[PDB]
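Visitor: Structure for this input, please:
(8 chains)
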Amino acid sequence: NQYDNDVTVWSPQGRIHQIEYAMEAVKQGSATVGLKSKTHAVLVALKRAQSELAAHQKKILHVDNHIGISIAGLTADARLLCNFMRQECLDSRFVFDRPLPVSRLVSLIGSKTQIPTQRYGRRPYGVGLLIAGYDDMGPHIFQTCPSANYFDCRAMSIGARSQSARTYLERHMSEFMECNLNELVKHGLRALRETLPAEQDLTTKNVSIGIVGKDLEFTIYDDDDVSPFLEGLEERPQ
Amino acid sequence: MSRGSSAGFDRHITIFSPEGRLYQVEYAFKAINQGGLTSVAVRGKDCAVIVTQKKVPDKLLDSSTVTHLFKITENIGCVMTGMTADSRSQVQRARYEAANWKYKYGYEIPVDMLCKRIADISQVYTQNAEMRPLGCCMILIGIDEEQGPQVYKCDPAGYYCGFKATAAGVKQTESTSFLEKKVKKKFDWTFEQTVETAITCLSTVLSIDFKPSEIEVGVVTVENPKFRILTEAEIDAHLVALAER
Amino acid sequence: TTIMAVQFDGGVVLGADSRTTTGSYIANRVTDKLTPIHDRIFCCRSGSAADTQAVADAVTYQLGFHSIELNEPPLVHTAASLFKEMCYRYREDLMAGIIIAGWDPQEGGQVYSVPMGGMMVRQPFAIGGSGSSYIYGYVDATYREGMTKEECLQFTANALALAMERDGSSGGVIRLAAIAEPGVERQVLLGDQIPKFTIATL
Amino acid sequence: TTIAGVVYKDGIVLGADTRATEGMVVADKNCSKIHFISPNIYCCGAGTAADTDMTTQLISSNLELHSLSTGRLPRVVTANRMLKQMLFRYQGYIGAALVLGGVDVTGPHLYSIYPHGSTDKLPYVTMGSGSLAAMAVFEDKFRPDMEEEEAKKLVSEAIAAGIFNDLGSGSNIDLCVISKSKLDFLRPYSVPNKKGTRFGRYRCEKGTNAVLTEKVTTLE
Amino acid sequence: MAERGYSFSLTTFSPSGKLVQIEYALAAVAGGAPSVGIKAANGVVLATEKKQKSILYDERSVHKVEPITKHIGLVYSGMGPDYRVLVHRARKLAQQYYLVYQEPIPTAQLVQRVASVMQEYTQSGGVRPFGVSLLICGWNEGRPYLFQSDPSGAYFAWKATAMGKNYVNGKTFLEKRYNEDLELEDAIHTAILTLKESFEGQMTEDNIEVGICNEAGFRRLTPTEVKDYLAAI
Amino acid sequence: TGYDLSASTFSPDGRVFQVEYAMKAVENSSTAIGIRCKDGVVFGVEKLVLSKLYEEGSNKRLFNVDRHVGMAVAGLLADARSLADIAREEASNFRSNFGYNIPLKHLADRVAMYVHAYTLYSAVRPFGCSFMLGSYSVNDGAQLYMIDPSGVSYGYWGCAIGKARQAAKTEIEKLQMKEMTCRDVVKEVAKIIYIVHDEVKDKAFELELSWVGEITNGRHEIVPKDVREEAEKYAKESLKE
Amino acid sequence: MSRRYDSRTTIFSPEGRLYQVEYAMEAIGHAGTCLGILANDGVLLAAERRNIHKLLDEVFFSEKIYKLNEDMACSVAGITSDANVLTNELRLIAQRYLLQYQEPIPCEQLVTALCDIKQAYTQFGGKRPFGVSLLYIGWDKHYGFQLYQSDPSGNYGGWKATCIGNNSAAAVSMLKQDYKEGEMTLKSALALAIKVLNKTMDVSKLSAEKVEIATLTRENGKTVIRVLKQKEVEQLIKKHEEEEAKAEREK
Amino acid sequence: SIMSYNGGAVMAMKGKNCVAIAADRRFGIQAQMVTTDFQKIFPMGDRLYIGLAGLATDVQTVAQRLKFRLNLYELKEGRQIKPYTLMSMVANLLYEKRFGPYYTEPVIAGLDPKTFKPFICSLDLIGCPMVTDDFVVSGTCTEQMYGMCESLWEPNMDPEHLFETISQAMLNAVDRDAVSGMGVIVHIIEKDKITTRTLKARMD
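Guide: Numbers count the residues shown, from 1 in each chain, chains lettered A, B, ... in the order given. Coordinates below:
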């Protein structure tokens, strides 16, 4: 139709269709879950392999010693945004000699990604981000969207089939805050597993875990460092 | 070509129709009436008066902020008709142009010069395709030392002109015919007669008896060239004098 | 050049000499150094005539546009801030010492000094220019709190006369301006109207 | 250069000498230093002659545009404002020293304009290297509301003082009288100096000069 | 807000080889108020009709016959604000010429520069062509000049011509009335008669504007002079 | 027929349909109200909780744009956030240039003109948000302005924007807010917000409250937890009859 | 926005064609006839005058023939104001070369520079092309007398005899039949031009006020460019009429 | 100092219905002579000439740029430039470089086209024009030229007297200047013909 090609065209219903299509771009990606306790923020990303002979695509990126992200949607847009966030964190450490507070970084992201939603010939970023951070206010989980809106969350899941993960997180959100690190990671892993097909199970090949905490700088566990977190997982309840 | 002929994008951008018309400019003239208000300006022998319709439907609206009367300089006043935000942008541009003219040339801008400047700026919108013309009309009043009171009107087409009397808005055709009748039977217009003529024109074309809160009045006189907006007391005095006659 | 401004309860008094020199030549002996910035706001100017004239014109323009936009009489502090911004931004290119004095409904009578370099300070009274060095002791010994408009006018006239008698860069006539809520009253002291102080002989 | 101007009861009298020196040698014996700005505004110029000519030409052109646009007579204040803003933006690099005089709807006005962009509105002004002699004449003999003939005599006296006491001034006195009803461009107004009468006859005869080659091109 | 205009042409070639936008600008011109120019032996007369739509309009406020220099005059047929743009540009071009050469611009030179501006608007990005035709008169080297500049940017030198409404009939009338050796007074009479042919209603000294160019320069006729000429007719 | 695609195109009736579509975007957002009493301004927003996974205070629609000026928004939140950044920039630049706090009327005019600049061109899109600016000072009093996507700015005694603004305006009309103080206005604002909310259409919502006035020494701030809890209890009691 | 109102002037068509250039060529075909003929002792342009009206003031120098520098001249067909733009550009290019080398620009180099400008408008910028075809006549020390023709596409070529504008194809057929290479003189070339213009201007009879003729020759190491007077064209037309009458009498 | 780097002298003089313009012919760098036929007088029309003194590089540059602009002018307008218009064009060209000036001081001598009234003028290096009725000089020996011309010039000289006067002025002036001379070229412009002569001169 005539209203669904340009990001500068309002539809007669008060919507912008290009922004919703970028939202669909985020929904096409593989699932990822983020949750926080009193002291830790955990991202667990289900990685997807294009072929049987390919490595699983990286989903968790370093931003700074206290901030990491997991991505859904267009990977190159995610790399653009990650470079921007890294530059902001380095600017903060250069000027103020302090780590940039997470919510200020998320505000900068929202400001940067709102601009192309109003200018002709631009497009929205087609990437959704889960941002795990730790600062003076404790742990933080943030969700950023192609619409440039962002949410402070107790827990969140984005990507394909993320509604099941969101239901599980709804169920155990009351438990999350008093969990220790291993229990929190296991909650995230169960939520991520709820988005899997029946045949597929969580393995050290398709699971990536990012953790940040009070005394713990942001760390990524990919293949063999994931096994201690996978050990002890009960079989899928079905 | 044929009457009301169209070809290409002549109904969407400011390019010529086969008859040589600019449809977007005509649509902007209709945008003026979209506002739903009417204003009248009348030139006396020693004064110029602008009277605009003031409508405040709801009591939640702070009435003191609902004005179509603005002062551009100390001595130049204006009434705007049409789209409110376009009107306010044009008012800001006029204030800037006046201040800059004073700064560069060392004397206050004449009313005709300010009207011509605004008209040039809007002709630019009539000739460039990437922006729409403003949907507003500006009426300026002032006192020139050489020529007396001045009433000038500029429109979205970039056309401007000086007037003995003029009107803008929904009922401006009826207002113009009424003012034609009043100016044909020319008699010496004092300040009171000019104000009464403007108010009676608005009241007769809107077919309502007015109240001091329903209209807004601004004046410039030779005795006091400074532009001043009449308070509700002065307007009510004028309205009483008009009602008794 | 000697410029001076004094605050009293309901307004200010400004005063200046009228001498503009080029070296030892007096190029203008009746210079008007008291410049209206707005209806109740004046500036006294010292330093380069081109610089102060340009800056005063620019500030007049900005303050007038700002006052039209706000539909409010300008604050003396706002004019002083505009002068300060201009003088600080171009401190390497300008030689301008300004006194900004005037009346506000919100603040009353106000005197601000914007010396060379572009700092801004409010003072009970301010002096400036090359002649001002000779009257620092006099104004320190003479000024008292609670002077009326007439006392302020006499104080300013005496100080300016003393500076004009000592400073070769000052002279001519004394231009005074009293600014209050009712308006501005300007006067020129010339000839025998200028306060006289006998030269000590023998 | 000596240029001067006075305000008299009906208008402005501008005056100038007509000598232009290059270094310490007289280059131009009859230099026109009073410049048209508008039919009611004139300007005498001193300083860098090229700067003066170019600045006055530019302002005259801009004021002509302004008066065509407004359909009104130019004001002296407008010329003053344009000149001072242009000169200030150039920070004294354009070396034009101007005496700007005119009569507009507000009356007669006289300004001195300095190359750095400062102006003075005065009833009499002098400028140039002979400016102090002319100023001495003015301070000795100026009175307000002089008649036209009195003002012309006074300005010619001031220019003559510049001519006879400043090495950089000489030749003729040029006047420009401006009132609301007329403009008199008196050039020359006075000729106080003339070349001395020749007592002899230099040998200048046909055939005196030997020629190597010659070429005559006929024009159609 | 974004201040970037369009960079592509709005006037392009049709399959038959025509630029239709320029023809539509010409249609706008042909709908304009009649204008007449007549070049006499000792001057040029430009006469236009300005019949206001109401008595509320101040006739003296706006002018259609405009001076460009002391020796060049302008009149138009078409759209008035476009005319104001071109008048401002012509005055600036004449001033720049005077600044470079220190003599008044010859009429042909100014016509060429104005026509160049009009062509620019026929080709540049994001603009429509001007919707006016100009009649330009001037006096140079003891000689009168009359030119017409069209919205395409093409200009012609004329001995007598008409623009606007009923301009074909005006041209026929001119070519059956014009002769060489005509004086300026008789040319003024002929121009007023040409306006009268297409005029509707009574012609008064306020319904029309007349400018003349001779050795003394270009000037607009005051309504009293026009009234005298109308009485003579 | 293709007249509704750009803000640089007028419809034959003289309308700019892109601005009207942006206004429709505002009409679908949840309700925010502002009330100007004799000694301050109080803002109340009904913030819909779309997911229980969200934290409290996420996606807040009340902003501090200057020490003395608060902002209540409705519509596209990202547009509203960019406009809040614009308002902050305007206030800060005004303080830097003129040396005092920007008057609320001037800030409203500046931001409204910035908004209007996006209704003229095909190269940009009109903002899909409307908002209220609230301020208090001793010199200027209490002031409450509202700006819509077209760029129109008006002063108000009470204002509502969002999905249910007509019912909210009806509720506001029943108030004698000209003689009231901020303390009792906060209760009235909470009651109006609780009234206009639709529990069937929308499940859960937080009540965001803020105020500026002599109570806060002319500083816009979140209403303290005690007053907010008291106001919520009073509003819930008023719901029951 | 831009995209929906963009005419796309500088893009290929599915057949590999540039439509705006072809339509500009149609415009050229509409315009008045210009003819160029090269002889052994000079070169000439003969253009049909399309501004014919009794009320038109007499033209200053020529309606369609423009001197470009001391040694070159051109004639234009198509849009007139576009031709004004192009002739100003040509004069600027010639003077730039003269400033750089202190020698007059060779004719082909001037044509090539202008054709590069035309091609640039055909390839990028989104503007419409110039609707002008040009004939150039000139002399240089490299190739002597030269005649060139350039198109809105930016193509150019040198010719012995060529024609652009109205009825140019019939004129080219006449030239192919009648032009004699290596033996033309300015007199015979002028006669051929008069005959060609007689055929091409079939509707309107040849009169000296309907045509403009300019000749470029060499005298004493100078280049002389002259537009013929009305009486000279009248004499040429009279001579052509006599030739036709005698050829009829023989037949 | 910079203006004297190459030396050189140009002079123009007014006759009754004629003009004369003369220049020295030496091209040299400081004290060393390089050539003796350097052109300093350029024709800008049938009866209009400009002589340039100053830096030889700026002499050549200004002559070529003036020829550029004059050719464009005479193509746009189908007429020959008048001497006053040429003077204004030269002044505009020089003032365009107000702060980076060309180091030449032009002298213009000509007859009015269609009027044939003699015109002479000189300009300084930033383009301040000076029109006189008797003579103009430019170059490194202007004091000597002033002495000669002020002594010898007379009003209403016929072209032969004009030739003798300008010749004697130039010869005796450059005989007294170290870095000018090595020959003198004189142009006499009348309405019907132009006469070019080279004078017998000292070569030291």
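Visitor: what about stretch C:40-60 and chain F, any contact?
Guide: No: Stretch C:40-60 lies out of reach of chain F by CB under 8 Å from any CB of the partner chain, never closer than 11.6 Å. The way it works is simple: take the backbone N, C-alpha and C, and place the C-beta from them, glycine included.
Visitor: Quote the end-to-end distance of stretch G:7-24.
Guide: 15 Å (CA to CA, to the nearest Å).
Visitor: That one close to chain B?
Guide: No: Stretch G:7-24 lies out of reach of chain B by CB under 8 Å from any CB, never closer than 9.6 Å.
Visitor: Pull out the buried positions in that stretch.
Guide: Residues of stretch G:7-24 classed as buried by neighbour count (16 or more other CB atoms under 10 Å in any protein chain shown): G:7, G:9, G:10, G:18, G:19, G:20, G:21, G:22, G:23, G:24.
Visitor: so is residue 122 in a helix, a strand, or just coil?
Guide: With no chain named, the answer covers chain A. Three-state call for residue A:122 (DSSP: H, G, I helix; E, B strand; the rest coil): coil.
Visitor: what about stretch F:132-151, near chain A?
Guide: No: applying CB under 8 Å from any CB, one finds stretch F:132-151 separated from chain A by no less than 9.5 Å.
Visitor: Which helix or strand contains the most centrally placed residue in chain B?
Guide: In chain B, the centroid-proximal residue (CA atoms, centre = their mean) is residue B:139; its distance is 2.7 Å. Using DSSP states H and E, residue B:139 sits in strand B:136-144.
Visitor: Pull up the pairing partners for that strand, direction included.
Guide: strand B:77-82 (antiparallel), strand B:148-154 (antiparallel) (DSSP bridges).
Visitor: Sketch out the helices for chain F, chain order is fine.
Guide: F:17-27, F:77-98, F:104-116, F:166-173, F:182-196, F:225-239 (DSSP state H).
Visitor: now the second one and helix F:17-27, what's the angle there?
Guide: So the one you mean is helix F:77-98. Orientation note: helix F:77-98 sits at an angle of 100 degrees relative to helix F:17-27 (axes from the mean of the first three to the mean of the last three CA atoms, to 10 degrees).
Visitor: So which bits of chain H are right by chain D?
Guide: Checking chain H against chain D by CB under 8 Å from any CB, the hits are H:46-47, H:91, H:95, H:98-99, H:122, H:124, H:126-130, H:132, H:142-143, H:146, H:151-152, H:154, H:160-161, H:163-165, H:167-168, H:171, H:183, H:191-200.
Visitor: cool, and chain E?
Guide: Within reach of chain D by CB under 8 Å from any CB, chain E has these residues: E:67, E:68, E:88, E:91, E:92, E:95, E:98, E:99, E:102.
Visitor: Of those residues, which belong to strands?
Guide: residue E:67 (DSSP state E).
Visitor: Mind giving me the ChimeraX command for buried ones among the residues of chain E next to chain D?
Guide: In ChimeraX, a selection of the buried entries from these looks like this (16+ other CB under 10 Å):
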select /E:67,68,88,91,95,98,99,102
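Visitor: before we move on, the earlier item: is the residue nearest to the centre of chain B in a bridge, and if so with what?
Guide: residue B:79, residue B:153.
Visitor: ok, it - contacts?
Guide: Contact analysis of residue B:139 by CB atoms under 8 Å, 6 or more residues apart in numbering or on different chains lists B:39, B:41, B:50, B:78, B:79, B:80, B:81, B:151, B:152, B:153, B:166, B:168.
Visitor: ok, back up a step: let's see the strand holding residue B:139 as CSV, backbone CA atoms only.
Guide: Extracted as CSV, the C-alpha positions of strand B:136-144 are listed here (Å, rounded to 0.1, in the frame of the first residue of the first chain):
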residue,chain,number,x,y,z
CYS,B,136,-2.2,31.9,7.1
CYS,B,137,-2.8,35.6,6.2
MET,B,138,-1.2,38.5,7.9
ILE,B,139,-2.8,42.0,8.3
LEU,B,140,-0.4,44.7,9.6
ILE,B,141,-1.3,48.2,10.9
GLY,B,142,1.0,51.0,11.7
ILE,B,143,1.6,54.8,11.4
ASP,B,144,4.0,56.2,8.7
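Visitor: starting at the chain centroid, how far to that strand?
Guide: Chain-centre distance of strand B:136-144: 6 Å, with CA atoms, centre = their mean, to the nearest Å.
Visitor: Sort out which residues of it are buried, please.
Guide: Buried residues in strand B:136-144, counted by 16+ other CB under 10 Å: B:136, B:137, B:138, B:139, B:140, B:141, B:142, B:143, B:144.
Visitor: from those, which is closest to chain D?
Guide: Nearest to chain D, judged by CB to the nearest CB, of the buried residues of strand B:136-144 is residue B:144 at 9.5 Å.
Visitor: I'd assumed residue B:114 was in contact with that closest one.
Guide: No: the pair residue B:144 / residue B:114 is not scored as a contact, 11.4 Å apart, by CB atoms under 8 Å.
Visitor: following the strand or helix carrying residue G:89, which helix or strand shows up next?
Guide: Residue G:89 is part of helix G:80-101, with elements assigned from DSSP H and E. Scanning forward in sequence from helix G:80-101 by DSSP H and E, the next helix or strand is helix G:107-123.
Visitor: For chain G, see how far away the residue lying closest to residue F:234 once chain neighbours are set aside is.
Guide: Ranked by CB to CB, 6 or more residues apart in numbering or on different chains and with sequence neighbours excluded, the top spatial neighbour of residue F:234 is residue F:187, at 4.8 Å. Counting by CB to the nearest CB, to the nearest Å, the gap from residue F:187 to chain G is 50 Å.
Visitor: Residue F:187: neighbour count?
Guide: With neighbours defined by other CB atoms under 10 Å in any protein chain shown, the count for residue F:187 comes to 19.
Visitor: could you pull out the helices for chain H?
Guide: Assigned by DSSP H, chain H shows helices spanning H:56-76, H:83-95, H:142-152, H:159-174.
Visitor: among these, which is nearest residue E:216?
Guide: helix H:83-95 (22.1 Å; CB to CB).
Visitor: Show residues contacting the closest one.
Guide: For helix H:83-95, contacts defined as CB under 8 Å, 6+ apart pick out D:50, D:54, E:99-103, H:44-45, H:48, H:50, H:62, H:65-66, H:69-70, H:73, H:81, H:101-102, H:106, H:108, H:110-112, H:119, H:121, H:123-129, H:131.
Visitor: Buried among those? Need that as a selection in ChimeraX.
Guide: Entered in ChimeraX, the line below selects the buried ones among these, by 16+ other CB under 10 Å:
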select /D:50,54 /E:99,100,101,102 /H:44,45,48,50,62,66,69,70,73,81,101,102,106,108,110,111,119,121,123,124,125,126,127,128,129,131
